[PDB]
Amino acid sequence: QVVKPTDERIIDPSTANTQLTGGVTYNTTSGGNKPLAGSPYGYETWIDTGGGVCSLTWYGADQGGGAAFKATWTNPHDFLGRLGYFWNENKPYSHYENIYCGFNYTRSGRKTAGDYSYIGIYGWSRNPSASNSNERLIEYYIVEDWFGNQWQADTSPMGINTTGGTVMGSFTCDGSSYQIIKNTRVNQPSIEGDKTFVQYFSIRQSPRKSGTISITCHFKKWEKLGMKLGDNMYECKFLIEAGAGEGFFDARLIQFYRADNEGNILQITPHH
């Protein structure tokens, strides 16, 4: 019932395999979202100074769909590099309509990012009117891929022994089943200081390094499983998270776009 966007500005992720160059490399924590010149996007880096060298490099507004980045980590303590929509303007997910991210990247192989790692979509949302105070703040992940670890292949999807929490259900978006997990974080760091909050994970059962993520598919079907996001979406960004290890992530494409149900573009980046 939701029409797949056909717009010619959409880059086909499957053939988006040209290495990109240039842009500014950041080696330090950004301290929240930092807006990028000539772009609707913001980036964030979390680079704990008690660990080794990390970086994030934005490839700019004019190539690789406009949100494309490279990241590196060398024995980090939970590196997070992310880039995408920053919102935080008191709107629920439904306000943004059908959200999509076309992606294609290379990364280092199995066991190059520690015991835990995440690649995919990430953000937060606020639900202050929830009667359960634990559910008033939500940290969320749509996990397309990871690096596996010493025990588990990177071709095998992670489970609750990595994430923690409880399996809520499963659903299908973009040609794979996703196992859905809810986890409670008790007095943990958050965008709101040290507190109790919930986490939502969609774990792609069949990991991939390219394709399109129908982000709204997740938001909607989380809601069907009783996992509500509230009325103040914080952000929706493409993430690489590395618990430890020595590795890299290098996007040839990260392209966000939004469309109504007819499939017509509401937002996209970027004569013969």
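Sequential numbering from 1, following the sequence displayed.
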Count up the deposited residues without coordinates from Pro270 to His271 and drop the result into none, 1 to 3, 4 to 9, or 10 or more.
4 to 9
If you average the CA temperature factors over each stretch, which comes out higher, 9 to 17 or 245 to 253?
9 to 17
As the entry reports it, the stretch among 54 to 62 and 207 to 215 with higher mean C-alpha B factor is 54 to 62
Maximum C-alpha temperature factor, selected from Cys236, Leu239, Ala67, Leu36
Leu36
For the CA B factor values reported in this entry, which option in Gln199, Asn134, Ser108, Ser176 has the top one?
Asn134
Which third, lowest, middle or highest, does the C-alpha temperature factor of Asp115 belong to within its own chain?
middle
Going by the entry, which third of its chain does the Cα temperature factor of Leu80 land in?
lowest
Would you mind checking where the Cα B-factor of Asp194 ranks among the modelled residues of its chain, as the lowest, middle or highest third?
highest
Give the position of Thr28 by CA B-factor within its chain, expressed as the lowest, middle or highest third.
lowest
Relative C-alpha B-factor of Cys101, binned into the chain's lowest, middle or highest third
lowest
